[PDB]
């Protein structure tokens, strides 16, 4: 069943995504035809139940979706990850019956979800927010600025975190609500198909019915998806590494210098074998961490395994992309091949859903006792 699912996403990514990747990366756009296909074929609703217009599939199927998309286009995979894992997944866990019936069919059919937590001064210290939802009759008036919102220029629904007068609180806010605007602000090095924007709120009206969970319950809402967010990026990094390794292996069989294929030199072959070995271990850890979901496994152990999976997969993605650029020589430094894009894309995996240091802080803290804040 999961072999058939893998093959279906692989075929989709190779036929529908690959021919558009170079242009989506240069222009930082999501192709309109591809967007219609992502929704139609179920890549935007993998775990959303059938009763809300979703695929009704498993965490395993969602992880395989992100992996096989990422194998061809890590940038498209960011949008798929944010939408399914962070936005639809948060509503499946925390939204009321009414909120699920209102938003899940939209996310399953045609409305893209983006996740707006970070700010200029709230990065690793993610809840040092200055965006405020001020009380009003019937709900709130939202004012502030979010930074690094992936897929913002393509999004219809924002899951936004703001101080309720009261502590961090989660809201669902339409991207076209009064007082909402975007500032693309900067060029980013990779995952450009889902490039970030700043999101600006200028007294945007939000009804009480848009609040997800209680006032000051924003950190609990975010924390429930932390582990799953890290597995989704571990899957994106595993797929990226596979795509890099597939390009380098195939090239090494056909490029000839000095009268024979470059694969016949141990200086070319050995780095590929080393990457392949590390990638088999990264994938085994990812699928182990996924398998231990829905088993009543200790939550701390799940947090540990998700942080370790993302840390290891990120490392292997960097190594794979690096080795792949070098295996291809000058061609590997160009857009004629995908490996320079994979190299630019891989670096985003060390920054979002927990920087390397934030992951190691968490992991060490579980192993030696104390909290992450005790480690200097």
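Numbering follows the first chain given and starts at 1.
Gap check for residue 165 to residue 166: 1 to 3 deposited residues are absent from the model. For the pair 207-215 and 228-236, the record assigns the higher mean C-alpha temperature factor to 207-215. Comparing 332-340 with 54-62, the higher mean C-alpha B-factor in the PDB entry belongs to 54-62. Of the candidates 222, 80, 241, 269, the one whose C-alpha carries the top B factor in the deposited record is 222. Per the PDB entry, 298 shows the highest C-alpha temperature factor of the residues 274, 298, 156, 198. The PDB entry assigns residue 115 a C-alpha temperature factor belonging to the middle third of its chain's modelled residues. Looking at the C-alpha B-factors along this chain, the one for residue 366 belongs to the highest third. Per-chain ranking of the deposited C-alpha B factor places residue 96 in the highest third.
In the PDB entry, a CA B factor belonging to the middle third of its chain's modelled residues is recorded for residue 106. Remark: residue 143 belongs to the highest third of its chain, ranked by C-alpha B-factor as recorded.
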